[PDB]
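>>> requesting a structural model of the entry that follows:
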Amino acid sequence: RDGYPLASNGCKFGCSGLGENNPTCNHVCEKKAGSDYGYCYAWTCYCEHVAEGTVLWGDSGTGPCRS
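Numbering: from 1, shown residues only. Right below this line is the structure:
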């Protein structure tokens with residue numbers, strides 16, 4: 001299951017312009033998603049094979065990500 005639902009209106013995984021060092025998006029994807037498919041454009045991070053039952057409400061970069 002793809003991971004582009006952006007459940008958390010604030011942020012899904014790492015990657016966040018207006019935020020601290022939240023590069024977890026890398027390990028996160030290759031950890032629970034066990035895949036190297038990530039998409040970061042704005043203040044947030046996307047991934048594949050993460051929405052397959054897993055959770056999605058902000059990782060480390062979450063918080064001051066997007067409104």
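
>>> any idea how far apart the tips of stretch 37-47 sit?
6 Å (C-alpha to C-alpha, to the nearest Å).

>>> would you map the strands across this protein?
According to DSSP state E, the chain carries its strands in the segments 2-3, 38-39, 46-48.

>>> remind me what the last one packs against, helices and strands.
Strand 46-48 sits against strand 2-3, helix 25-31, strand 38-39, with contacts defined as 3 or more C-beta pairs under 8 Å, 6 or more residues apart in numbering; DSSP states H and E. Every C-beta, even on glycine, is put in place using the N, C-alpha and C of the backbone.

>>> partner strands of that strand, with direction?
strand 2-3 (antiparallel), strand 38-39 (antiparallel) (DSSP bridges).

>>> wait, what's in contact with the spatially most central residue of the chain?
Centroid check for the chain by C-alpha atoms, centre = their mean gives residue 13 as the closest residue, at 2.2 Å. Shown in contact with residue 13 (C-beta atoms under 8 Å, 6 or more residues apart in numbering): 24-25, 28-29, 38, 44-47, 50, 58-62.

>>> try 6 Å this time
Neighbouring residues of residue 13 by C-beta atoms under 6 Å, 6 or more residues apart in numbering: 25, 28, 45, 59.
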